[PDB]
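Residue numbers (the deposited numbering), protein chains in the order written: chain A, 0 to 64, 68 to 154; chain B, 155 to 234.
Ideal Cβ placement from N, Cα and C applies to all residues, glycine included.
Note sheet for the following structure.
Have a look at this one:
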């Protein structure tokens, strides 16, 4: 109702994810598919490291690897930047600072390519400790909950 | 230029460390539309994220199955 882009998310949308990464010179690629359902605020992906062994822990890539699929209920629909930018889409860029370790910098384009919502990303990480928690793979394979604070 | 006609976000991920402790990852984010057209520019709010990482027992490649549940909140109806 509020933007035309919103119309594109009223059912289940197929998703493709593609990431090229380089962390401390350790290069890798990740490719993923699944689906998103903004009506429920839900998305599911299977993501494969296509270059062999992922040189960083999977949890560290979770935020990098689709805020257009957030459920924006009721009056929140008046504040849904992500869907209004579709189908042309948006660029999402981040720096991620790991406390007492290195940082990731990311640039992703999130857009429709035909009927598929695509997240195409590049990532570069630098200054990681070779036996800190990231490169030394000392993170548990799990994830907690967080609030992402948005401002314009 | 990276949040032009767009948004920014900030947040902190808590990665659990094997055998106790938490590794912090502080995120700074900027989004900008790819097009030049009008978009909704929101008032301040948050996305509540929850996520679950699993494995496909039949998959031999290094992989992650990721579920996320995400709902916007933090703007109230009516006055304040």
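{"query": "Are the C-beta of residue 148/A and some C-beta of chain B separated by less than 8 Å?", "result": "yes"}
{"query": "Assuming residue 133/A and residue 104/A are in contact, meaning their beta carbons sit under 8 Å apart, how far apart are those beta carbons, in whole angstroms?", "result": "No, residue 133/A and residue 104/A are not in contact; Cβ-Cβ is about 13 Å, not under 8 Å."}
{"query": "Could you check the C-alpha separation between residue 94/A and residue 182/B for me, to the nearest Å?", "result": "10 Å"}
{"query": "Can you find the residues in the same chain that come closer than 6 Å, C-beta to C-beta, to residue 119/A, ignoring five residues on each side of it along the sequence?", "result": "12, 14"}
{"query": "Please report the distance separating the alpha-carbon of residue 209/B from that of residue 148/A.", "result": "22 Å"}
{"query": "Going by C-alpha to C-alpha distance, which of 87/A, 72/A, 48/A, 34/A sits closest to residue 20/A?", "result": "48/A"}
{"query": "For residue 75/A, which of helix, strand or coil comes out of DSSP?", "result": "coil"}
{"query": "What are the residues in the stretch 190-222 of chain B lying within 7 Å of chain A by C-beta distance?", "result": "193, 194, 195, 196, 197, 198, 199, 200, 201, 202, 203, 204, 205, 206, 207, 210, 215, 216, 217, 218, 219, 220, 221, 222"}
{"query": "Am I right that residue 70/A and residue 85/A are in contact with their C-beta atoms under 8 Å? What's the rounded C-beta distance?", "result": "5 Å"}
{"query": "Between which two residues does the alpha helix (DSSP H) containing residue 84/A stretch?", "result": "83-86"}
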